[PDB]
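# Coordinate analysis (summary)
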Amino acid sequence: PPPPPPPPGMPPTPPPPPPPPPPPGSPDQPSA
């Protein structure tokens with residue numbers, strides 16, 4: 001009888017957020 005057929009085959013197989021903007025300027029010294 002003829003041989004047996006082969007066995008199919010094998011099965012082939014984010015960036016970080018930016019830094020927050022710096023705080024506003026400083027307050028001026030009082031009057032006189």
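How each quantity is defined
- Residues numbered from 1 in each chain as written, not as in the entry; some residues may be left out.
- Part of a larger assembly, values for the part shown.
- Heavy atoms only, no water.
- Helix = DSSP H or I, 4+ residues; strand = E, 2+ residues; numbered from the N terminus.
- Buried < 20%, exposed > 50% of the residue type's maximum accessible area, 1.4 Å probe, protein only.

In the PDB archive, cryo-EM is given as the structure determination method for this entry, at a resolution of 3.1 Å.

On a plain count of helices and strands, the protein comes out with 0 helices and 0 strands. Each of the three principal axes of the protein carries a C-alpha extent, and together these read 115 × 5 × 5 Å. For the protein, the proportion of its 32 residues judged to be buried stands at 0%.

Here we take up unusual backbone geometry. Phi angles above zero are rare outside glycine, and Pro8 is one such case at about 40°. The class for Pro8 is exposed, based on a relative accessible area of 87%.

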